[PDB]
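Spelled out from the first residue to the last, the chains are:
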Amino acid sequence: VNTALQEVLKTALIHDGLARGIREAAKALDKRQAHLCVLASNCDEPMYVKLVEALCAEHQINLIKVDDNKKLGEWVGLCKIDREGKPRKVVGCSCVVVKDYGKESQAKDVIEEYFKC
Amino acid sequence: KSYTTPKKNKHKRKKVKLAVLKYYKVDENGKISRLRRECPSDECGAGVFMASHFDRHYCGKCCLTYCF
């Protein structure tokens, strides 16, 4: 869910097992060095959706759907500037790759049992 | 300042736009057949690509130019 995604991205921020962006995310996918992924659908994506579904239809790549590109960029560590309340300017991200190691948490179990369903 | 010689300008680089999307050829079936060659070095994995020029194939970092 949303709070489980926030927890796993905060664990990625606290344990540096994170691969943001597009180029290094696809590189970590092709390196067999990935655990989880997300995706932002229903946007202005003429070719990006078909390229990323070809990229994620490879080896049990998990996805979490989200409406906008905006609130994904708050719990990932994108624009951690002006922390006095609301953020100043957060740019849009599409997908992120998480390869957490210290996964002794309830939220990982919740999201993984949600994935095996 | 104002000098007699013409001013030398720095390398005004061009901005890319979805480069790897031009090399992952995707059809309506389950095929991900690529347009660019992968790396032959075992230092890294299989993520980076090589240069596709008209007469040679250059690395990103291995600097192993492939001739014809």
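Residues numbered from 1 in each chain as written, not as in the entry; some residues may be left out. Chains lettered and ligands numbered in written order. Part of a larger assembly, values for the part shown. Heavy atoms only, no water.

Deposited coordinates in this entry are attributed by the record to cryo-EM, at a stated resolution of 3.7 Å.

Counting residues at the interface gives 11 residues for chain A, matched by 13 residues for chain B. Carbon and sulfur atoms make up 68% of the area that chain A and chain B hide from each other, which totals about 970 Å². For chain A, the biggest contributors to the area lost against chain B are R23, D30 and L51 of chain A; these three give 48% of the whole. Along the contact surface separating chain A from chain B lie zero salt bridges. (Contact = heavy atoms within 4.5 Å. Buried area = accessible area lost by both parts, 1.4 Å probe. Salt bridge = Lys/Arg side-chain N within 4 Å of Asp/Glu carboxyl O.)

All names here are of chain A. Positive phi values are uncommon outside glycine, yet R32 reaches one of about 55 degrees. The exposed category is assigned to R32, whose relative accessible area is 53%. Backbone geometry places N42, a non-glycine residue, at a positive phi of 40 degrees. Take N42: it is sitting in the loop between strand 3 (39-40) and helix 3 (48-56). (Buried < 20%, exposed > 50% of the residue type's maximum accessible area, 1.4 Å probe, protein only. Helix = DSSP H or I, 4+ residues; strand = E, 2+ residues; numbered from the N terminus.)

Attention now moves to helix 4 (residues 106-115) of chain A. Structural remark: α-helix, 3.6 residues per turn; residues separated by three or four positions point the same way. All names here are of chain A. Considered for burial, the residues of helix 4 that qualify are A107, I111, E112 and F115. For helix 4, the arc enclosing every buried residue in end-on projection is 125 degrees, short of the 170-degree limit, so these residues lie on one face. Residues of helix 4 that are exposed and point more than 90 degrees away from the buried face comprise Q106 and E113. In this structure, the buried residues of helix 4 make contact with helix 1 (2-15) and strand 2 (36-37). Of the residues that open helix 4, the one with a side-chain oxygen 3.4 Å from the backbone nitrogen of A107 is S105. (Arc of directions from axis to C-beta. Polar contact = N/O pair within 3.5 Å; in protein donor to acceptor, adjacent residues only side chain to side chain.)

The subject of this paragraph is the state of the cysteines. The final tally for this structure, using the stated rule, is one disulfide over all chains. Disulfide partner of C59 of chain B: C62 of chain B, at an S-S distance of 2.0 Å. Disulfide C59 of chain B-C62 of chain B: torsion about the S-S bond near -85 degrees, hence left-handed. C59 of chain B sits in the buried class, given a relative accessible area of 6%. Classification of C62 of chain B by relative accessible area gives partly exposed; the value is 26%. Here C93 of chain A stays unpaired: no disulfide links it, and the sulfur of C79 of chain A, its closest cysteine neighbor, is 7.7 Å away. (Disulfide = S-S within 2.5 Å.)

We now examine empty space enclosed by the protein. Residue and element names in this part refer to chain A. As enumerated under the stated definition, the model contains three cavities of 30 Å³ or more in all. In this structure, the largest cavity encloses a volume near 200 Å³. Forming the boundary of the largest cavity are 19 residues, of which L29, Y48, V52, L55 and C95 lie nearest the centre. Elements with a contribution of two residues or more to the lining of the largest cavity: helix 2 (23-30) and helix 3. The leading source of residues in the lining of the largest cavity is helix 3, at five residues. Per-class residue counts for the lining of the largest cavity are 19 nonpolar, no polar and no charged. There is about 60 Å³ of room inside the second largest cavity. Taken together, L5, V8, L9, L36, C37, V38, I64, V96, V98, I111 and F115 form the lining of the second largest cavity. Mapped by element, the contributors of at least two residues to the lining of the second largest cavity are helix 1, strand 2 and helix 4. No other element matches the three residues that helix 1 contributes to the lining of the second largest cavity. (1 Å grid on protein atoms, 1.4 Å probe; cavity = no way out; pocket = protein on both sides within 12 Å on 5 of 7 lines; lining within 4 Å. Points joined across faces, edges and corners; volume = space filled by probe spheres on them. Nonpolar A, V, L, I, M, F, W, Y, C, P; charged D, E, K, R; others polar.)

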